[PDB]
Amino acid sequence: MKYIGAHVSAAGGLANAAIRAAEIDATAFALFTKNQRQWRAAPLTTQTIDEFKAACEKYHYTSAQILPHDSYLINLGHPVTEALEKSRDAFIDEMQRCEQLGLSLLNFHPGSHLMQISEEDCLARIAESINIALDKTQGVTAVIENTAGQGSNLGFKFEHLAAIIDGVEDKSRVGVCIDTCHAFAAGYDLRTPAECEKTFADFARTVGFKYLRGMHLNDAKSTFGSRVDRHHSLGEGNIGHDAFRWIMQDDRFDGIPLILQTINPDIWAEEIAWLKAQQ
Ligand SMILES: [Zn+2]
Ligand SMILES: [Zn+2]
Ligand SMILES: [Zn+2]
């Protein structure tokens, strides 16, 4: 089985994310659990938590179908240690909100070296950040998202993901999410079925499908290897529709949230329906 949805809005409360997912016939969804703009969000209230759980139950979203995204302001590889510590505190808080909400996955971009430390040192800082969060929480898997590699962002090579995982002690609670736009922008081609297989064999040799915990299904406005992150609606960008059909027909992508972050929410229900029909 595949679980297919979108990163929907949590405006008016977290439970509305589940409602919005059901209104586009999603079988998965992503959301932010707080505003992306504060190192301290107010505590989740017992009512927010219960409304969210009640809506997930009403619309049949189990923990395995939901892929929250952390704030884009967190940098778990920050070269400045006081900033690193603020990002680690924020990340622990995000993981704890997932605990409270009954969520079992948390997707995040790994971090950025800001030209102040080496790639290896940054990746090690990121692995330690994950270890710290996993020591302070239970039941939530840290899902590392690949990136386009814009600026000093890491995680654009599959080897970066593997290097982080190698440094994580509790391998049972780390995994990865592959965003197709980010992969393409980083230089992993997806424009033909043969190129898709080549890219995913690379992923298999370097990371392995045992760590795959989510996908983000995005076409790309940016160009191949551009290292720019600009999504597009399915079929309208530089990747094209074939990659998405290929993914939908491959059983290695079963049982995990497959999340659109495409740029026109007015057509999400149609994109979800098209993806389901490609199976
Ligand atoms: Zn992301
Ligand atoms: Zn993404
Ligand atoms: Zn992106």
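Note that these values count all heavy atoms, side chains included, but never hydrogens, waters or copies made by symmetry. Each residue takes its place number in the sequence, starting with 1. Counting starts at 1 for both ligands and their atoms, in listed order.
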- request: Mind listing the protein N/O/S atoms less than 2.8 Å away from the Zn ion (ligand 2)? Waters don't count.
  value: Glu145 OE2, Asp179 OD2, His216 ND1, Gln261 OE1
message: With clusters defined by side-chain heavy atoms of hydrophobic residues (ILVMFWY) lying less than 4.5 Å apart, directly or transitively, does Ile117 cluster with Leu123?
response: no
- prompt: Centres of the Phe200 and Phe253 rings: under 6.0 Å?
  reply: yes
- request: Starting from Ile259, walk the hydrophobic network (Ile, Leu, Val, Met, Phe, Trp, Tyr; side-chain heavy atoms closer than 4.5 Å) and list everyone else you reach, by chain and number.
  value: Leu67, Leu105, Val143
In a table with atom names and distances, give each donor-acceptor pair under 3.5 Å that connects a side chain of residues 47-58 to protein atoms at least two apart or in another chain.
{"from": "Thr48", "atom 1": "OG1", "to": "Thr45", "atom 2": "OG1", "distance (Å)": "3.1"}

statement: Exactly one candidate in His216, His160, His109 meets ring pair (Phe, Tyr, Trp, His ring centres under 6.0 Å) with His182; the answer is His109
query: Looking at residues at least two apart in the chain, or sitting in another chain, which of them share a salt bridge (charged side-chain N to carboxylate O under 4.0 Å, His left out) with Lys198?
result: none
task: Please name the atom of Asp229, restricted to N, O or S, that is closest to the Zn ion (ligand 3).
output: OD2
